[PDB]
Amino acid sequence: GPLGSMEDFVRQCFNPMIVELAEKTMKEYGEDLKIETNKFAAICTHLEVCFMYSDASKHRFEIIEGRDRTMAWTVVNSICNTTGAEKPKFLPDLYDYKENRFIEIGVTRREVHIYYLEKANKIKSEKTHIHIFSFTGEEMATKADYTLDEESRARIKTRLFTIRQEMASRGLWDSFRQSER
């Protein structure tokens, strides 16, 4: 069977705003999407999941991810000043105005409990909430609190399955999956 190009896949199957933000992110961190095309796909996937999570309840969440870094920190600092939330040590992905906390979103094909533990060990807050999605449909979240309802989460998971399925039909999945870390 033909083995497609990952860059072609990303440009065809992700919305143009997502793709532009992903390109800008990669440039900001000094990386060529032409040699790190699996990473380009992972950044787009993660960004899309952040946007879908926010869209599940419009205006409940401020989006942090996808902004250039200096701008992201000014937003985080503003939120902390306004709401009195504790300032995080690493940029998180969202702020939840309802539960009054920052959220870190993970997207993985590794074992979700291990990935969760590595995230929690990395960020070292008892405040920031972590929500992990696997392409298997599995998920794991801080204190078994999943934040959104089952159908919002099912929409995210279905999008992940769709990405996985389209990658596989293009021969792109095996390499993408192996590229993690």
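Don't overthink the numbering: it's just position in the shown sequence, from 1.
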Next on the checklist: If you average the CA temperature factors as listed in the entry, which stretch comes out higher, 125-133 or 39-47?
Outcome noted: 125-133
Item to check | Stretch with the greater mean C-alpha B-factor as recorded in the entry, comparing 105-113 against 78-86 | outcome: 78-86
Checklist entry - By its CA B factor, does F9 count among the lowest, middle or highest third of the modelled residues in the chain? => result middle
Checklist entry - Lowest, middle or highest third: where is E65 by Cα B-factor in its chain? => result lowest
Checklist outcome for this item: Among the modelled residues of its chain, the C-alpha B-factor of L33 falls in the third labelled highest
Item to check | Ranked against its chain, the third holding the CA B-factor of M17 | outcome: highest
Next on the checklist: Please say which third, lowest, middle or highest, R170 falls into when its CA temperature factor is compared across its chain.
Outcome noted: highest
